[PDB]
Amino acid sequence: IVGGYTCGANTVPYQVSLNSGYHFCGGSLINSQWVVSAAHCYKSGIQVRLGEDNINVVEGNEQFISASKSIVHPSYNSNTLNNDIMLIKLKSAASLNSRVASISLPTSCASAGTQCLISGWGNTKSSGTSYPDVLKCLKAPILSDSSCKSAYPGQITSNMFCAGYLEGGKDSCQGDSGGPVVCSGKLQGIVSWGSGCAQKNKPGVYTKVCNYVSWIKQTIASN
Ligand SMILES: Cc1c(F)c(Oc2cccc(C(=N)N)c2)[nH+]c(Oc2cccc(C(=N)N)c2)c1F
Ligand SMILES: [Ca+2]
Ligand SMILES: [K+]
């Protein structure tokens, strides 16, 4: 997250850290047994870390759980990033409390201008590298579809949306991938890709979750 703020410990309860000996991606808990993340975050041997603030300090509210199964969307295109969404089944149910909560799925898609909250442990520098240990937050609006496609000609599919600031200086970044985008208390996006970070006229691109609800619901119910 570039140009954001410190969330505060466990203020974003549904936020998950994906670990393979180190933090590599963000994720969202949608129920006690499932996490949603980005397909580009796929790896063999993931451990799901819940209740996390400082990713490098054991503070007492963490639940570290191994993944039993990973399902990448049947149409994920690694070259275009079209359908960048994956489901992760937890080895055992997480314990829901005030520090670990699930985020609901949307019943409808969000409008441009809707304000959202993006969160992650990703890079905090526009151009340079600095990784935080604590969860960073950022309020950002969904951008109209025309601005999104003007910024990335021929690369935006109907499964993507832009959120951020055209003027640059505030964006999600690498390390944030798979991370949630919550608007009006529903999971509307997953951190997918971008062109650099917080650059002028190159906003963040997100998987539009609203298009995957029937796929999520059907997949979980059967696995
Ligand atoms: C090396 C690299 C990427 F390739 C990338 O995006 C991709 C990767 C693969 C395919 C495509 C594609 N258009 N076909 C785009 N995003 C990056 O930073 C990030 C990562 C996450 C968010 C942001 C962001 N600025 N919001 C930047 C990044 F550092
Ligand atoms: Ca910790
Ligand atoms: K990334």
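Just so you know, ligand 1 is whichever comes first in the structure, and atom 1 is the first atom listed for that ligand. These numbers come from the heavy atoms of this one structure, side chains and all, not from hydrogens, waters or symmetry mates. Residue indices begin at 1 and follow the sequence shown.
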Would you call the rings of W215 and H73 parallel, tilted or perpendicular, taking 30° and 60° as the class edges? tilted

What I'd like to find out is whether the side chain of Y212 reaches to under 4.5 Å of the side chain of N159, using heavy atoms alone.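 Of all side-chain heavy-atom pairs linking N159 with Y212, at least one is under 4.5 Å.
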
Taking the side chain as everything from C-beta on, heavy atoms only, tell me whether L18 gets closer than 4.5 Å to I88.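 Yes, at least one pair of side-chain atoms sits under 4.5 Å.
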
Under 3.0 Å from the Ca ion (ligand 2), which protein N, O or S atoms are there? Could you list them by chain and number? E52 OE1, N54 O, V57 O, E62 OE2

Can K208 be said to sit on top of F161's aromatic six-ring, NZ or CZ under 6.0 Å from centre and within 45° of the ring axis? no

Going by heavy atoms, is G196 under 4.0 Å from ligand 1? yes

dist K69:NZ -> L87:CG (nearest 0.5 Å) comes out at 11.0 Å

Can you tell me how far CD of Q63 sits from CG of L29, rounded to the nearest 0.5 angstrom?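 So the CG of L29 and the CD of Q63 are separated by 9.0 Å.
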
Looking at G120 and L135, what are the two nearest heavy atoms and their distance?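 In terms of heavy atoms, the two residues are closest at N-CD1, 3.5 Å.
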
Please work out, at 4.0 Å between heavy atoms, whether the side chain, the backbone, both, or neither of [X] comes within that distance of ligand 1.
{"X": "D176", "result": "neither"}
{"X": "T80", "result": "backbone"}
{"X": "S177", "result": "side chain"}

Under 4.0 Å from atom 10 (C) of ligand 1, is there any protein heavy atom?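 It does: a protein heavy atom is found less than 4.0 Å away from atom 10 (C) of ligand 1.
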
Heavy-atom protein neighbour under 4.0 angstrom from atom 6 (O) of ligand 1: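 For atom 6 (O) of ligand 1 the answer is yes, since some protein heavy atom falls inside 4.0 Å.
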
Counting both backbone and side chain atoms, is some N or O of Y206 under 3.5 Å from an N or O of ligand 1? no

N/O donor to acceptor pairs below 3.5 angstrom from side-chain atoms of residues 186-199, sequence neighbours left out:
residue, atom, partner, partner atom, Å
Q188, NE2, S108, O, 2.9
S192, OG, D84, OD2, 2.7

Which protein heavy atom lies closest to atom 1 (C) of ligand 1, and at what distance to 0.1 Å? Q174 OE1, 4.4 Å

ILVMFWY cluster membership beyond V57 - transitive side-chain contacts under 4.5 angstrom: none

What protein N/O/S atoms are found closer than 3.4 Å to the K ion (ligand 3)? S177 OG

